[PDB]
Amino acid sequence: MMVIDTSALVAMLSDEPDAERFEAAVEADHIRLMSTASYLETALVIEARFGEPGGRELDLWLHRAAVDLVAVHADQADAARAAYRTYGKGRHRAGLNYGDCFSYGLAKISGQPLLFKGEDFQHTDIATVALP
């Protein structure tokens, strides 16, 4: 399986530099998880960027990939709560943010690797999905 961070799905839908690779990664893995909160964040950013029609693309995307939205349970939040002490952002530490916490949280509990774009998850303890 895999978990999708918003950084990737926003990057894909906005057609950012590495888009097609993320699309291959997605295709390689049959089951694909996304935290209900990561879903939200994504919808917020796109529907601000491209308005509602952008939002309609997200829904098709989600239906096309057959993504499983997972609810944010307490244990996910607990995992994230601890992770932010170690890995969270600060003055010049370039680690996790509040949105990232829910992707981290879901990956840690599920035991599955995460698909993302940027530094935020580079130096963490969860597995990453390797791009082809």
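Residue indices: 1-based, along the sequence shown.
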### Query
Which has the higher mean CA temperature factor in the PDB entry, 75-83 or 51-59?
51-59
### Query
Comparing 16-24 with 105-113, where is the mean C-alpha B-factor higher?
16-24
### Query
Can you tell me which of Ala37, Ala94, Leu33, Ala43 has the highest Cα temperature factor in the record?
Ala94
### Message
Is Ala8 in the lowest, middle or highest third of its chain when residues are ranked by C-alpha B-factor?
### Response
lowest
